[PDB]
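>>> please find the sequence and an experimentally derived structure below.
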Amino acid sequence: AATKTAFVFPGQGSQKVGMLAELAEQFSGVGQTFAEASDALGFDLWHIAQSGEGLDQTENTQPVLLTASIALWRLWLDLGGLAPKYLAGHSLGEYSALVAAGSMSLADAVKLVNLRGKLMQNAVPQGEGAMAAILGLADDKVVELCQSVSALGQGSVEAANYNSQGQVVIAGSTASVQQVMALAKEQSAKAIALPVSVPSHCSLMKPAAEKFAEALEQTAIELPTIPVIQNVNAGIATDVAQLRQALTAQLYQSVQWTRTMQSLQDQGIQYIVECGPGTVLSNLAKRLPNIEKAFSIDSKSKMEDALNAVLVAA
């Protein structure tokens, strides 16, 4: 039981062709985790991860990433890692956290996030939605820009991820996203388009969220054995009813990641381990004033180094 360490689980965009391949050669538990998830789904998730064929289509990205995350979680615990005090995951990663915490089985969740991906892909016609990063402005300013552009009638655009102070991802109708990017730049901020087509975490997702809720409502969920800070409110549910309600609202509302990292620090968390491929959540966590260090456990060397450092600090 690690008192000063939390685990964070990444989402869409952290996948990469060839991920975990070195760690799978050395540890057979990785390939076993992938075979178990692939059996649930009926297609080979390791092949997608290693060939890239279909890797970037989110109905595949989401179960591939959740499986990769749980493979590394299982290896960490197998190699003697301590159990973190809190869990949190970014969008898809919230489901990875719930599996890690025993709230859902690997098989149920890999099916659920395959469905989540299918529904997200179909939420708006291709090309009609977009996401972009706005850099250098406060949260309230990005909200105001989005509200004003949305009032022009040309479409809808909303703050979709609060990722760090000064880093807000927006989402909505393609032209409205482009308009906010232009106004952000005119007001001396920076803005870049992201390589997705699905406008996640905005109101354009509400119909897809309604469809997904029907499936979610009939899925078995238990309260996690490690508390999970959830995206919609940066909060920890008291009921299973609250946990489900926060999951049901997650897809069409902003990801409160800045507040999640603030909440972790306000609980004495000082080390963060990114349990998944890549370093996205790590880089969002180094620059935080109370986070001593953040680790990814992506490789043989990263895993043992993070195993060591956390064991020392704890």
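That came in fine, so what should we check first? Numbering: from 1, shown residues only.

>>> show me what contacts residue 105?
For residue 105, the contact set (Cβ atoms under 8 Å, 6 or more residues apart in numbering) comprises 99, 220. No exception for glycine: its C-beta is placed from N, CA and C like everyone else's.

>>> please redo it, this time with the cut-off set to 10 Å
36, 40, 99, 111, 219, 220, 222 (Cβ atoms under 10 Å, 6 or more residues apart in numbering).

>>> equivalent analysis for residue 5, please.
Per Cβ under 10 Å, 6+ apart, neighbours of residue 5: 81-86, 264, 269-273, 292-293, 295, 306, 309-311, 313-314.

>>> distance check, it against residue 14.
20 Å (Cβ to Cβ, to the nearest Å).

>>> do residue 238 as well
30 Å.

>>> neighbour-wise, which of those two wins?
residue 14 (24 against 9; other Cβ atoms under 10 Å).

>>> Three-state assignment for the closest residue to that one other than its chain neighbours, please.
Spatial nearest neighbour of residue 14, chain neighbours left out: residue 278 (4.0 Å); criterion: Cβ to Cβ, 6 or more residues apart in numbering. Here residue 278 is recorded as coil under DSSP: H, G, I helix; E, B strand; the rest coil.

>>> ok, how many other residues are close to residue 278?
Applying other Cβ under 10 Å, I find that residue 278 has 18 neighbouring residues.

>>> that one contacts residue 9, doesn't it?
No - using Cβ atoms under 10 Å, residue 278 makes no contact with residue 9, being 11.3 Å away.

>>> which residues are common contacts for the two?
Taking Cβ under 10 Å, 6+ apart as the criterion, residue 278 and residue 9 both touch 65, 68.

>>> as a quick check, tell me the outermost residue of the chain.
For the chain, the largest distance from the centre (Cα atoms, centre = their mean) belongs to residue 152, which lies 31.2 Å off.

>>> next, the contact list for it, please.
Neighbour list for residue 152: 175, 176, 179 [criterion: Cβ under 10 Å, 6+ apart].

>>> now do the buried residues in the helix or strand where the first one lies.
Secondary structure assigned from DSSP states H and E places residue 175 in helix 174-186. Of the residues in helix 174-186, those scored as buried under the neighbour-count criterion (16 or more other Cβ atoms under 10 Å) are 174, 176, 177, 178, 179, 180, 181, 183, 184.

>>> apart from its neighbours in sequence, what residue is nearest the third one?
To tie it back to what came earlier, the one meant is residue 177. Excluding the flanking residues, the one nearest residue 177 by Cβ to Cβ, 6+ apart is residue 130, at 4.1 Å.

>>> unless I misread the structure, that neighbour falls within a strand.
Yes - assessed by three-state DSSP, residue 130 belongs to a strand.

>>> count of residues packed around it?
Residue 130 is flanked by 24 other residues according to other Cβ under 10 Å.

>>> the helix holding residue 175 - contacts with which helices or strands?
strand 129-135, helix 139-150, strand 157-164, strand 167-173, strand 190-193 (3 or more Cβ pairs under 10 Å, 6 or more residues apart in numbering; DSSP states H and E).

>>> let's have these in JSON lines, adding distance to residue 286.
Converted to JSON lines, the helices and strands packed on helix 174-186 look like this (distance: least, Cβ to Cβ, whole Å):
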{"stretch": "strand 129-135", "distance to residue 286": "17"}
{"stretch": "helix 139-150", "distance to residue 286": "20"}
{"stretch": "strand 157-164", "distance to residue 286": "10"}
{"stretch": "strand 167-173", "distance to residue 286": "13"}
{"stretch": "strand 190-193", "distance to residue 286": "20"}
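
>>> ends of stretch 76-88, what's the gap?
17 Å (Cα to Cα, to the nearest Å).

>>> actually stretch 102-109, not the one I typed
11 Å.

>>> buried set for that stretch?
Going by neighbour count (16+ other Cβ under 10 Å), the buried part of stretch 102-109 is 103, 104, 106, 108, 109.
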